[PDB]
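Peer 1: To start, I am sharing the structure in question, which I have written as structure tokens.
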Amino acid sequence: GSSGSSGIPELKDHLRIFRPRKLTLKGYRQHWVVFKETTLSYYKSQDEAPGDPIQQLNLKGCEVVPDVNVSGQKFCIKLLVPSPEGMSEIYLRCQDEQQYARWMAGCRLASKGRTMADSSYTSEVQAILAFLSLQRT
């Protein structure tokens with residue numbers, strides 16, 4: 001690929017977040033999410049940031065369980081992170097496979113210590129896009 005000199009590769013997009021085991025209204029709530037090489041933090045409202053996120057966690061180590069169901073072009077990612085108070089279970093649902101492969105692949109790379117900066121990143125997005133197709137009947 002064509003790439004020279006630029007800032008660190010970071011993703012900016014608010015995915016689907018739902019927490020039935022906590023004070024919530026109107027189901028989902030608009031929030032600000034940001035994926036970092038080996039880090040991840042979100043906020044309640046763009047206002048907060050860049051100040052400080054609601055709860056920062058080091059992806060490197062957390063768990064990532066795939067919950068996608070091609071049956072209905074659905075792709076969710078269950079991120080399980082340990083907390084000194086309890087746990088950090090966040091449900092992220094993607095609209096399509098594109099956003100999924102991108103984010104998902106990023107989480108895995110961070111969990112293993114790796115980062116999106118690495119080329120392998122794309123190596124995951126592809127393998128996935130295809131894998132899904134295979135699953136089909």
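Labels used: A, B, ... for chains in the order of the structure tokens, numbers from 1 for residues in each chain, and numbers from 1 for ligands as shown.
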Please, which residues of range 3-124 of chain A, numbered as in this document, come out strand (DSSP E or B) from DSSP, as an MDAnalysis selection string?
Peer 2: chainID A and resid 11:12 16:17 32:35 40:43 57 63:66 69 74:82 87:94
Peer 1: Find the residues around residue 29 in chain A up to 10 Å (only C-alpha atoms counted), leave out those fewer than 2 positions away in its own chain, and share them as a list in words.
Peer 2: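 The residues satisfying every condition are residues 14, 16, 17, 18, 19, 24, 25, 26, 27, 31, 32, 44 and 45 of chain A.
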Peer 1: With N, CA and C atoms retained, could you export that selection as a PDB file, in the first residue's frame?
Peer 2:
```pdb
ATOM      1  N   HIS A  14     -18.875   5.986  16.715  1.00  0.00           N
ATOM      2  CA  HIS A  14     -19.698   5.502  17.818  1.00  0.00           C
ATOM      3  C   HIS A  14     -20.524   4.293  17.388  1.00  0.00           C
ATOM      4  N   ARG A  16     -22.794   0.579  18.389  1.00  0.00           N
ATOM      5  CA  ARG A  16     -23.975   0.284  19.193  1.00  0.00           C
ATOM      6  C   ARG A  16     -23.577  -0.247  20.567  1.00  0.00           C
ATOM      7  N   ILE A  17     -23.916   0.506  21.607  1.00  0.00           N
ATOM      8  CA  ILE A  17     -23.595   0.111  22.973  1.00  0.00           C
ATOM      9  C   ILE A  17     -24.856   0.007  23.825  1.00  0.00           C
ATOM     10  N   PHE A  18     -25.059  -1.158  24.432  1.00  0.00           N
ATOM     11  CA  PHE A  18     -26.226  -1.388  25.277  1.00  0.00           C
ATOM     12  C   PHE A  18     -25.826  -2.067  26.583  1.00  0.00           C
ATOM     13  N   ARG A  19     -26.331  -1.541  27.694  1.00  0.00           N
ATOM     14  CA  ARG A  19     -26.026  -2.094  29.008  1.00  0.00           C
ATOM     15  C   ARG A  19     -27.291  -2.226  29.850  1.00  0.00           C
ATOM     16  N   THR A  24     -29.992   2.962  32.307  1.00  0.00           N
ATOM     17  CA  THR A  24     -30.033   3.320  30.895  1.00  0.00           C
ATOM     18  C   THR A  24     -31.437   3.738  30.475  1.00  0.00           C
ATOM     19  N   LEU A  25     -31.515   4.597  29.465  1.00  0.00           N
ATOM     20  CA  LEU A  25     -32.799   5.076  28.965  1.00  0.00           C
ATOM     21  C   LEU A  25     -32.824   5.076  27.440  1.00  0.00           C
ATOM     22  N   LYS A  26     -33.999   4.820  26.873  1.00  0.00           N
ATOM     23  CA  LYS A  26     -34.159   4.793  25.424  1.00  0.00           C
ATOM     24  C   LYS A  26     -33.211   3.781  24.790  1.00  0.00           C
ATOM     25  N   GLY A  27     -33.059   2.631  25.440  1.00  0.00           N
ATOM     26  CA  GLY A  27     -32.179   1.598  24.922  1.00  0.00           C
ATOM     27  C   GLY A  27     -30.752   2.080  24.759  1.00  0.00           C
ATOM     28  N   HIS A  31     -22.928   8.006  22.246  1.00  0.00           N
ATOM     29  CA  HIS A  31     -21.682   8.166  22.987  1.00  0.00           C
ATOM     30  C   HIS A  31     -20.497   8.306  22.035  1.00  0.00           C
ATOM     31  N   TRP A  32     -19.342   8.662  22.585  1.00  0.00           N
ATOM     32  CA  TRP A  32     -18.136   8.831  21.784  1.00  0.00           C
ATOM     33  C   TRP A  32     -17.129   7.723  22.073  1.00  0.00           C
ATOM     34  N   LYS A  44     -19.276   9.865  27.400  1.00  0.00           N
ATOM     35  CA  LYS A  44     -20.725  10.022  27.358  1.00  0.00           C
ATOM     36  C   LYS A  44     -21.130  11.071  26.328  1.00  0.00           C
ATOM     37  N   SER A  45     -20.302  12.101  26.182  1.00  0.00           N
ATOM     38  CA  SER A  45     -20.575  13.172  25.232  1.00  0.00           C
ATOM     39  C   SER A  45     -19.280  13.834  24.773  1.00  0.00           C
TER      40      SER A  45
END
```
Peer 1: Can you list, as a list in words, every protein, DNA or RNA residue that comes within 7 Å of residue 39 in chain A when you count only C-alpha atoms, leaving out same-chain residues fewer than 4 positions away?
Peer 2: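 My reading of the contact set: residues 35, 57, 58 and 59 of chain A.
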Peer 1: Write out as a list in words the residues lying within 12 Å of residue 91 in chain A, counting only C-alpha atoms and excluding same-chain residues fewer than 6 positions away.
Peer 2: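 Near residue 91 in chain A, the qualifying residues are residues 15, 16, 17, 18, 19, 20, 21, 28, 64, 65, 66, 67, 68, 75, 76, 77, 78, 79, 80 and 81 of chain A.
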Peer 1: Would you put the residues from that selection into a file with N, CA, C and O atoms, as a CSV table (one decimal), in the first residue's frame?
Peer 2:
```csv
chain,number,residue,atom,x,y,z
A,15,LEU,N,-20.2,3.1,17.9
A,15,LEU,CA,-20.9,1.9,17.6
A,15,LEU,C,-22.1,1.7,18.5
A,15,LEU,O,-22.5,2.6,19.3
A,16,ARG,N,-22.8,0.6,18.4
A,16,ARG,CA,-24.0,0.3,19.2
A,16,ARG,C,-23.6,-0.2,20.6
A,16,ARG,O,-23.0,-1.3,20.7
A,17,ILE,N,-23.9,0.5,21.6
A,17,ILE,CA,-23.6,0.1,23.0
A,17,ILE,C,-24.9,0.0,23.8
A,17,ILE,O,-25.6,1.0,23.9
A,18,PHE,N,-25.1,-1.2,24.4
A,18,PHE,CA,-26.2,-1.4,25.3
A,18,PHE,C,-25.8,-2.1,26.6
A,18,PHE,O,-25.1,-3.0,26.6
A,19,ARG,N,-26.3,-1.5,27.7
A,19,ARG,CA,-26.0,-2.1,29.0
A,19,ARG,C,-27.3,-2.2,29.8
A,19,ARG,O,-27.7,-1.3,30.6
A,20,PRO,N,-28.0,-3.4,29.7
A,20,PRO,CA,-29.2,-3.7,30.5
A,20,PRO,C,-28.9,-3.8,32.0
A,20,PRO,O,-29.9,-3.8,32.8
A,21,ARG,N,-27.7,-4.1,32.3
A,21,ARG,CA,-27.3,-4.3,33.7
A,21,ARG,C,-26.8,-3.0,34.3
A,21,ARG,O,-25.9,-3.0,35.1
A,28,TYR,N,-30.4,2.4,23.5
A,28,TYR,CA,-29.0,2.8,23.2
A,28,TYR,C,-28.9,4.3,23.5
A,28,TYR,O,-29.9,5.1,23.4
A,64,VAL,N,-11.9,-11.1,23.6
A,64,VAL,CA,-12.8,-10.7,22.5
A,64,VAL,C,-13.5,-11.9,21.9
A,64,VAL,O,-12.9,-12.8,21.3
A,65,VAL,N,-14.8,-12.0,22.1
A,65,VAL,CA,-15.6,-13.1,21.6
A,65,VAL,C,-16.5,-12.6,20.5
A,65,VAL,O,-17.4,-11.7,20.6
A,66,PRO,N,-16.3,-13.3,19.3
A,66,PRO,CA,-17.1,-13.0,18.1
A,66,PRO,C,-18.6,-13.4,18.2
A,66,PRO,O,-18.9,-14.6,18.5
A,67,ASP,N,-19.5,-12.5,18.0
A,67,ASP,CA,-20.9,-12.8,18.1
A,67,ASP,C,-21.6,-12.3,16.8
A,67,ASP,O,-22.7,-11.6,16.9
A,68,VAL,N,-21.1,-12.6,15.6
A,68,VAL,CA,-21.7,-12.2,14.4
A,68,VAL,C,-22.5,-13.3,13.8
A,68,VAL,O,-22.3,-14.5,14.0
A,75,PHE,N,-23.2,-8.4,13.0
A,75,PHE,CA,-21.8,-8.6,13.5
A,75,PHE,C,-21.6,-7.8,14.8
A,75,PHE,O,-21.5,-6.6,14.8
A,76,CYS,N,-21.5,-8.6,15.9
A,76,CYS,CA,-21.3,-8.0,17.2
A,76,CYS,C,-20.0,-8.4,17.8
A,76,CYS,O,-19.4,-9.5,17.4
A,77,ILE,N,-19.4,-7.6,18.7
A,77,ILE,CA,-18.2,-7.9,19.3
A,77,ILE,C,-18.2,-7.7,20.8
A,77,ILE,O,-18.3,-6.6,21.3
A,78,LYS,N,-18.2,-8.8,21.6
A,78,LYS,CA,-18.2,-8.8,23.0
A,78,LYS,C,-16.8,-8.6,23.6
A,78,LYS,O,-16.0,-9.5,23.6
A,79,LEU,N,-16.5,-7.4,24.1
A,79,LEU,CA,-15.2,-7.1,24.7
A,79,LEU,C,-15.3,-7.2,26.2
A,79,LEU,O,-15.9,-6.5,26.9
A,80,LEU,N,-14.6,-8.3,26.7
A,80,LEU,CA,-14.6,-8.5,28.2
A,80,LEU,C,-13.3,-8.0,28.8
A,80,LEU,O,-12.2,-8.6,28.5
A,81,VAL,N,-13.3,-7.0,29.7
A,81,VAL,CA,-12.1,-6.5,30.3
A,81,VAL,C,-12.3,-6.5,31.8
A,81,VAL,O,-13.3,-6.1,32.4
```
Peer 1: With only C-alpha atoms as the counted atoms, please give the residues lying no more than 9 Å from residue 53 in chain A, apart from itself and same-chain residues fewer than 3 positions off, as a ChimeraX atom specification.
Peer 2: /A:32-33,41-44,48-50,56
Peer 1: Mind writing the picked residues with N, CA and C atoms as a PDB file, in the first residue's frame?
Peer 2:
```
ATOM      1  N   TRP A  32     -19.342   8.662  22.585  1.00  0.00           N
ATOM      2  CA  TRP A  32     -18.136   8.831  21.784  1.00  0.00           C
ATOM      3  C   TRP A  32     -17.129   7.723  22.073  1.00  0.00           C
ATOM      4  N   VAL A  33     -16.755   6.982  21.035  1.00  0.00           N
ATOM      5  CA  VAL A  33     -15.798   5.891  21.178  1.00  0.00           C
ATOM      6  C   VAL A  33     -14.542   6.151  20.356  1.00  0.00           C
ATOM      7  N   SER A  41     -10.846   3.832  24.779  1.00  0.00           N
ATOM      8  CA  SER A  41     -11.575   4.657  25.735  1.00  0.00           C
ATOM      9  C   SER A  41     -12.774   5.326  25.071  1.00  0.00           C
ATOM     10  N   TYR A  42     -13.832   5.538  25.847  1.00  0.00           N
ATOM     11  CA  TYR A  42     -15.043   6.166  25.335  1.00  0.00           C
ATOM     12  C   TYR A  42     -15.524   7.269  26.275  1.00  0.00           C
ATOM     13  N   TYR A  43     -16.555   7.990  25.851  1.00  0.00           N
ATOM     14  CA  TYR A  43     -17.110   9.075  26.651  1.00  0.00           C
ATOM     15  C   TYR A  43     -18.625   9.152  26.488  1.00  0.00           C
ATOM     16  N   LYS A  44     -19.276   9.865  27.400  1.00  0.00           N
ATOM     17  CA  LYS A  44     -20.725  10.022  27.358  1.00  0.00           C
ATOM     18  C   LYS A  44     -21.130  11.071  26.328  1.00  0.00           C
ATOM     19  N   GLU A  48     -17.123  15.915  27.162  1.00  0.00           N
ATOM     20  CA  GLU A  48     -16.169  15.350  28.109  1.00  0.00           C
ATOM     21  C   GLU A  48     -14.757  15.362  27.531  1.00  0.00           C
ATOM     22  N   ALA A  49     -14.562  14.623  26.444  1.00  0.00           N
ATOM     23  CA  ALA A  49     -13.261  14.548  25.792  1.00  0.00           C
ATOM     24  C   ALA A  49     -12.925  15.857  25.085  1.00  0.00           C
ATOM     25  N   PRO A  50     -11.635  16.048  24.773  1.00  0.00           N
ATOM     26  CA  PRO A  50     -10.591  15.068  25.084  1.00  0.00           C
ATOM     27  C   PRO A  50     -10.316  14.970  26.581  1.00  0.00           C
ATOM     28  N   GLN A  56     -11.138   4.161  30.965  1.00  0.00           N
ATOM     29  CA  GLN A  56     -10.104   3.717  30.037  1.00  0.00           C
ATOM     30  C   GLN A  56      -9.601   2.326  30.406  1.00  0.00           C
TER      31      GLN A  56
END
```
Peer 1: Quick one: pick out all alpha helix (DSSP H) residues within range 22-124 of chain A from a backbone DSSP run and write them as a short mmCIF file (atom, residue, chain, number, x, y, z; two decimals) with C-alpha atoms, in the first residue's frame.
Peer 2:
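Result file follows (states_34.cif):
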```
data_model
loop_
_atom_site.label_atom_id
_atom_site.label_comp_id
_atom_site.auth_asym_id
_atom_site.auth_seq_id
_atom_site.Cartn_x
_atom_site.Cartn_y
_atom_site.Cartn_z
CA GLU A 97 -19.26 -6.58 7.89
CA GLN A 98 -17.02 -3.71 6.77
CA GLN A 99 -17.10 -1.80 10.06
CA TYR A 100 -16.90 -5.15 11.85
CA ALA A 101 -13.80 -6.55 10.17
CA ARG A 102 -12.13 -3.17 10.70
CA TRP A 103 -12.89 -2.75 14.41
CA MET A 104 -12.86 -6.44 15.35
CA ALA A 105 -9.54 -7.03 13.60
CA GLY A 106 -8.23 -4.02 15.52
CA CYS A 107 -9.29 -5.38 18.90
CA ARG A 108 -7.62 -8.75 18.31
CA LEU A 109 -4.39 -7.07 17.20
CA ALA A 110 -4.40 -5.06 20.43
CA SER A 111 -5.22 -8.08 22.60
CA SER A 120 -1.20 -7.79 9.63
CA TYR A 121 -4.16 -5.51 10.37
CA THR A 122 -5.44 -5.74 6.79
CA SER A 123 -4.49 -9.42 6.80
CA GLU A 124 -7.34 -9.89 9.27
#
```
Peer 1: Quick one, how far is CA of residue 1 in chain A from CA of residue 118 in chain A?
Peer 2: 12.1 Å
Peer 1: What's around residue 70 in chain A at 10 Å? Count only C-alpha atoms, leave out sequence neighbours fewer than 5 positions away in its own chain, and write the answer as a list in words.
Peer 2: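 Here the qualifying residues turn out to be residues 75, 96, 97, 132, 133, 135 and 136 of chain A.
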Peer 1: Export C-alpha atoms of the chosen residues as a compact mmCIF listing (two decimals), in the first residue's frame?
Peer 2:
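File out.txt, as written:
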```
# COMPACT_ATOMS: atom_id res chain seq x y z
CA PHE A 75 -21.81 -8.56 13.47
CA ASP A 96 -22.25 -4.24 8.20
CA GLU A 97 -19.26 -6.58 7.89
CA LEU A 132 -17.99 -15.07 6.45
CA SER A 133 -18.89 -15.83 2.84
CA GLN A 135 -19.99 -19.86 6.40
CA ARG A 136 -22.98 -19.40 4.10
```
Peer 1: So, counting only C-alpha atoms, which residue among A:119, A:71, A:60, A:112 is closest to residue 137 in chain A?
Peer 2: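 Closest to residue 137 in chain A of all the choices is A:71.
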